[PDB]
>>> print(open('protein.cif').read())   # mmCIF, C-alpha atoms
data_my_file
loop_
_atom_site.group_PDB
_atom_site.id
_atom_site.type_symbol
_atom_site.label_atom_id
_atom_site.label_comp_id
_atom_site.auth_asym_id
_atom_site.auth_seq_id
_atom_site.Cartn_x
_atom_site.Cartn_y
_atom_site.Cartn_z
ATOM 1 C CA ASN A 103 0.000 0.000 0.000
ATOM 2 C CA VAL A 104 0.813 3.702 -0.056
ATOM 3 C CA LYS A 105 -0.282 3.833 3.593
ATOM 4 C CA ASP A 106 2.712 1.695 4.607
ATOM 5 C CA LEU A 107 5.003 4.335 3.076
ATOM 6 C CA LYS A 108 5.859 7.524 4.961
ATOM 7 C CA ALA A 109 8.536 10.195 5.487
ATOM 8 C CA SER A 110 12.038 9.183 4.390
ATOM 9 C CA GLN A 111 11.905 5.398 4.315
ATOM 10 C CA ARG A 112 14.687 3.901 2.210
ATOM 11 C CA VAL A 113 12.838 1.803 -0.373
ATOM 12 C CA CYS A 114 13.632 -1.079 -2.704
ATOM 13 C CA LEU A 115 13.140 -0.921 -6.473
ATOM 14 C CA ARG A 116 13.215 -3.504 -9.274
ATOM 15 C CA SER A 117 14.908 -1.938 -12.307
ATOM 16 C CA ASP A 118 12.509 -2.363 -15.241
ATOM 17 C CA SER A 119 9.751 0.031 -14.297
ATOM 18 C CA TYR A 120 11.430 0.769 -10.928
ATOM 19 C CA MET A 121 8.430 -0.734 -9.105
ATOM 20 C CA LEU A 122 8.593 -0.267 -5.333
ATOM 21 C CA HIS A 123 8.873 -3.678 -3.648
ATOM 22 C CA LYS A 124 9.498 -3.393 0.107
ATOM 23 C CA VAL A 125 10.517 -1.033 2.892
ATOM 24 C CA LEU A 126 14.076 -1.639 4.075
ATOM 25 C CA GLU A 127 14.966 -2.325 7.701
ATOM 26 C CA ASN A 128 17.080 0.818 8.087
ATOM 27 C CA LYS A 129 15.711 4.364 8.172
ATOM 28 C CA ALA A 130 17.654 7.562 7.500
ATOM 29 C CA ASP A 131 16.517 10.516 9.639
ATOM 30 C CA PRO A 132 18.341 13.881 9.657
ATOM 31 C CA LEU A 133 17.939 15.105 13.239
ATOM 32 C CA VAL A 134 19.659 12.080 14.803
ATOM 33 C CA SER A 135 22.706 12.570 12.550
ATOM 34 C CA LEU A 136 23.492 16.143 13.650
ATOM 35 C CA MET A 137 23.399 15.252 17.336
ATOM 36 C CA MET A 138 25.643 12.242 16.602
ATOM 37 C CA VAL A 139 28.452 14.150 14.863
ATOM 38 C CA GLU A 140 28.708 16.827 17.592
ATOM 39 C CA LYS A 141 29.255 14.064 20.076
ATOM 40 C CA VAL A 142 28.091 14.825 23.605
ATOM 41 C CA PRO A 143 28.168 11.922 26.120
ATOM 42 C CA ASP A 144 25.298 11.280 28.520
ATOM 43 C CA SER A 145 25.699 12.572 32.077
ATOM 44 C CA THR A 146 23.944 12.433 35.458
ATOM 45 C CA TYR A 147 23.445 14.557 38.567
ATOM 46 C CA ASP A 148 25.989 12.361 40.351
ATOM 47 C CA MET A 149 28.769 13.220 37.885
ATOM 48 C CA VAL A 150 28.150 16.970 38.256
ATOM 49 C CA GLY A 151 28.318 17.021 42.074
ATOM 50 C CA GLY A 152 30.756 19.687 43.208
ATOM 51 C CA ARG B 73 22.728 -41.324 -0.757
ATOM 52 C CA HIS B 74 22.651 -41.036 -4.567
ATOM 53 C CA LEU B 75 21.292 -37.474 -4.148
ATOM 54 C CA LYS B 76 24.423 -36.425 -2.222
ATOM 55 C CA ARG B 77 26.480 -37.185 -5.330
ATOM 56 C CA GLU B 78 24.176 -35.256 -7.671
ATOM 57 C CA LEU B 79 24.103 -32.195 -5.398
ATOM 58 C CA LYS B 80 27.880 -32.034 -5.876
ATOM 59 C CA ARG B 81 27.595 -32.475 -9.642
ATOM 60 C CA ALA B 82 24.733 -29.985 -9.909
ATOM 61 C CA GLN B 83 26.677 -27.482 -7.776
ATOM 62 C CA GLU B 84 29.652 -27.408 -10.156
ATOM 63 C CA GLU B 85 27.256 -25.831 -12.674
ATOM 64 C CA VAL B 86 26.434 -22.653 -10.729
ATOM 65 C CA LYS B 87 30.157 -22.288 -9.970
ATOM 66 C CA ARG B 88 30.818 -21.988 -13.735
ATOM 67 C CA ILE B 89 29.016 -18.639 -13.982
ATOM 68 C CA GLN B 90 32.136 -17.108 -12.392
ATOM 69 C CA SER B 91 34.162 -16.130 -15.435
ATOM 70 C CA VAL B 92 36.253 -13.501 -17.107
ATOM 71 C CA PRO B 93 35.110 -10.730 -17.360
ATOM 72 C CA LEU B 94 33.868 -9.537 -13.972
ATOM 73 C CA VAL B 95 33.072 -6.063 -12.666
ATOM 74 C CA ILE B 96 34.053 -5.189 -9.096
ATOM 75 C CA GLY B 97 31.581 -4.119 -6.437
ATOM 76 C CA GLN B 98 31.991 -3.611 -2.701
ATOM 77 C CA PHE B 99 29.710 -5.385 -0.224
ATOM 78 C CA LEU B 100 28.047 -2.551 1.674
ATOM 79 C CA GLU B 101 25.712 -4.240 4.152
ATOM 80 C CA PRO B 102 23.496 -7.333 4.532
ATOM 81 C CA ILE B 103 19.710 -7.439 4.672
ATOM 82 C CA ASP B 104 19.182 -11.195 4.268
ATOM 83 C CA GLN B 105 21.268 -14.336 3.790
ATOM 84 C CA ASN B 106 19.845 -14.695 0.264
ATOM 85 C CA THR B 107 20.015 -10.962 -0.600
ATOM 86 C CA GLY B 108 22.390 -8.113 0.207
ATOM 87 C CA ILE B 109 23.301 -4.574 -0.816
ATOM 88 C CA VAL B 110 26.356 -3.878 -2.971
ATOM 89 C CA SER B 111 27.749 -0.617 -4.348
ATOM 90 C CA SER B 112 29.358 -1.048 -7.754
ATOM 91 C CA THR B 113 32.428 0.969 -8.600
ATOM 92 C CA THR B 114 30.357 2.350 -11.483
ATOM 93 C CA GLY B 115 28.572 4.657 -9.019
ATOM 94 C CA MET B 116 25.341 2.645 -8.819
ATOM 95 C CA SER B 117 23.912 0.797 -5.833
ATOM 96 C CA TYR B 118 22.157 -2.540 -6.371
ATOM 97 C CA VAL B 119 20.157 -5.033 -4.303
ATOM 98 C CA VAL B 120 21.101 -8.466 -5.608
ATOM 99 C CA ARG B 121 20.801 -12.127 -4.669
ATOM 100 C CA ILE B 122 23.826 -13.834 -3.124
ATOM 101 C CA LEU B 123 25.080 -17.101 -4.614
ATOM 102 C CA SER B 124 24.468 -20.211 -2.545
ATOM 103 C CA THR B 125 27.277 -21.668 -0.439
ATOM 104 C CA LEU B 126 29.404 -18.573 0.050
ATOM 105 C CA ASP B 127 30.935 -17.435 3.334
ATOM 106 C CA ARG B 128 28.271 -15.464 5.209
ATOM 107 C CA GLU B 129 30.803 -14.645 7.964
ATOM 108 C CA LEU B 130 33.217 -12.731 5.689
ATOM 109 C CA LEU B 131 30.726 -10.738 3.599
ATOM 110 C CA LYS B 132 29.409 -8.637 6.470
ATOM 111 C CA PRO B 133 32.502 -6.505 7.286
ATOM 112 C CA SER B 134 32.898 -4.211 4.282
ATOM 113 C CA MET B 135 34.836 -6.219 1.707
ATOM 114 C CA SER B 136 35.400 -6.209 -2.019
ATOM 115 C CA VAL B 137 33.207 -8.599 -4.034
ATOM 116 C CA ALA B 138 32.795 -9.744 -7.615
ATOM 117 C CA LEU B 139 29.732 -9.104 -9.761
ATOM 118 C CA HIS B 140 28.657 -10.616 -13.075
ATOM 119 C CA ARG B 141 28.543 -7.788 -15.620
ATOM 120 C CA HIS B 142 25.200 -8.350 -17.238
ATOM 121 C CA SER B 143 22.954 -8.571 -14.152
#
>>> encode(input="protein.cif", output="structure tokens")
Amino acid sequence: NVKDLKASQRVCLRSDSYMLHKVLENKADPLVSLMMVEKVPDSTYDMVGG
Amino acid sequence: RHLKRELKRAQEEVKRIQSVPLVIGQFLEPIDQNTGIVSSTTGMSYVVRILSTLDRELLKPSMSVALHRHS
């Protein structure tokens, strides 16, 4: 269906008419990738103490 | 028992598709054990079936791979 498909899902195609076949396991989403390249490690109130 | 001999003989035949010439791709990432994702050195990505009885342990870490030109 076209209901299955939504924002930025990497999709399969069969080269002939390029017919869409299946959604791929992996998604590509832009907001996760900018927070990943800055690189800030998780912290806690116990680490701050001082 | 006679079918163990013919599986050998019938498996020599798929091995004979490997031939000069070949075009080089690079195994990007798996998605199944009977299909994976390659990226040809032509600039095109493809989603192609893997040939039976090949090492599934060595494909996964990005490695060079051979493709048959006309498919």
>>> interface_residues(input="protein.cif", of="chain A", to="chain B", cutoff="12 Å", atoms="all atoms listed in the file", output="list in words")
residues 113, 114, 115, 116, 117, 123, 124, 125, 126, 127 and 128 of chain A
>>> atom_distance(input="protein.cif", atom1="atom CA of residue 111 of chain B", atom2="atom CA of residue 123 of chain B")
16.7 Å
>>> resolve_selection(input="protein.cif", expression="the PyMOL selection byres ((chain B and resi 137-142) around 6)", output="list in words")
residues 94, 95, 96, 97, 98, 136 and 143 of chain B
>>> residues_around(input="protein.cif", residues="segment 126-134 of chain B", least_positions_apart="5", cutoff="12 Å", atoms="all atoms listed in the file", output="list in words")
residues 86, 87, 97, 98, 99, 100, 101, 102, 103, 104, 105, 106, 107, 108, 109, 110, 111 and 121 of chain B
>>> atom_distance(input="protein.cif", atom1="atom CA of residue 129 of chain A", atom2="atom CA of residue 111 of chain A")
5.5 Å
>>> build_atoms(input="protein.cif", residues="segment 113-130 of chain B", atoms="N, CA and C atoms", output="PDB file, in the coordinates of the input")
ATOM      1  N   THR B 113      31.488  -0.108  -8.351  1.00  0.00           N
ATOM      2  CA  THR B 113      32.428   0.969  -8.600  1.00  0.00           C
ATOM      3  C   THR B 113      32.058   1.767  -9.842  1.00  0.00           C
ATOM      4  N   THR B 114      30.897   1.489 -10.440  1.00  0.00           N
ATOM      5  CA  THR B 114      30.357   2.350 -11.483  1.00  0.00           C
ATOM      6  C   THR B 114      29.695   3.599 -10.912  1.00  0.00           C
ATOM      7  N   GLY B 115      29.320   3.578  -9.633  1.00  0.00           N
ATOM      8  CA  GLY B 115      28.572   4.657  -9.019  1.00  0.00           C
ATOM      9  C   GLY B 115      27.150   4.285  -8.674  1.00  0.00           C
ATOM     10  N   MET B 116      26.711   3.083  -9.031  1.00  0.00           N
ATOM     11  CA  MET B 116      25.341   2.645  -8.819  1.00  0.00           C
ATOM     12  C   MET B 116      25.280   1.662  -7.660  1.00  0.00           C
ATOM     13  N   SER B 117      24.241   1.795  -6.840  1.00  0.00           N
ATOM     14  CA  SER B 117      23.912   0.797  -5.833  1.00  0.00           C
ATOM     15  C   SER B 117      22.939  -0.227  -6.415  1.00  0.00           C
ATOM     16  N   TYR B 118      23.043  -1.467  -5.934  1.00  0.00           N
ATOM     17  CA  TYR B 118      22.157  -2.540  -6.371  1.00  0.00           C
ATOM     18  C   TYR B 118      21.790  -3.417  -5.181  1.00  0.00           C
ATOM     19  N   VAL B 119      20.643  -4.085  -5.302  1.00  0.00           N
ATOM     20  CA  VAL B 119      20.157  -5.033  -4.303  1.00  0.00           C
ATOM     21  C   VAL B 119      20.011  -6.368  -5.023  1.00  0.00           C
ATOM     22  N   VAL B 120      20.936  -7.289  -4.768  1.00  0.00           N
ATOM     23  CA  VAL B 120      21.101  -8.466  -5.608  1.00  0.00           C
ATOM     24  C   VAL B 120      21.146  -9.720  -4.748  1.00  0.00           C
ATOM     25  N   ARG B 121      20.746 -10.839  -5.348  1.00  0.00           N
ATOM     26  CA  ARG B 121      20.801 -12.127  -4.669  1.00  0.00           C
ATOM     27  C   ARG B 121      22.245 -12.583  -4.504  1.00  0.00           C
ATOM     28  N   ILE B 122      22.521 -13.237  -3.385  1.00  0.00           N
ATOM     29  CA  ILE B 122      23.826 -13.834  -3.124  1.00  0.00           C
ATOM     30  C   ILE B 122      23.814 -15.253  -3.679  1.00  0.00           C
ATOM     31  N   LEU B 123      24.977 -15.736  -4.112  1.00  0.00           N
ATOM     32  CA  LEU B 123      25.080 -17.101  -4.614  1.00  0.00           C
ATOM     33  C   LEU B 123      25.148 -18.076  -3.447  1.00  0.00           C
ATOM     34  N   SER B 124      24.500 -19.225  -3.611  1.00  0.00           N
ATOM     35  CA  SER B 124      24.468 -20.211  -2.545  1.00  0.00           C
ATOM     36  C   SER B 124      25.880 -20.673  -2.199  1.00  0.00           C
ATOM     37  N   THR B 125      25.999 -21.258  -1.008  1.00  0.00           N
ATOM     38  CA  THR B 125      27.277 -21.668  -0.439  1.00  0.00           C
ATOM     39  C   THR B 125      28.378 -20.659  -0.747  1.00  0.00           C
ATOM     40  N   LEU B 126      28.296 -19.503  -0.094  1.00  0.00           N
ATOM     41  CA  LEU B 126      29.404 -18.573   0.050  1.00  0.00           C
ATOM     42  C   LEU B 126      29.508 -18.190   1.521  1.00  0.00           C
ATOM     43  N   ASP B 127      30.714 -17.813   1.944  1.00  0.00           N
ATOM     44  CA  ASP B 127      30.935 -17.435   3.334  1.00  0.00           C
ATOM     45  C   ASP B 127      30.047 -16.268   3.740  1.00  0.00           C
ATOM     46  N   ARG B 128      29.096 -16.524   4.642  1.00  0.00           N
ATOM     47  CA  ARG B 128      28.271 -15.464   5.209  1.00  0.00           C
ATOM     48  C   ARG B 128      28.937 -14.777   6.399  1.00  0.00           C
ATOM     49  N   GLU B 129      30.073 -15.298   6.882  1.00  0.00           N
ATOM     50  CA  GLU B 129      30.803 -14.645   7.964  1.00  0.00           C
ATOM     51  C   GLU B 129      31.693 -13.519   7.446  1.00  0.00           C
ATOM     52  N   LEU B 130      32.227 -13.660   6.227  1.00  0.00           N
ATOM     53  CA  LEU B 130      33.217 -12.731   5.689  1.00  0.00           C
ATOM     54  C   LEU B 130      32.607 -11.614   4.856  1.00  0.00           C
TER      55      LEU B 130
END
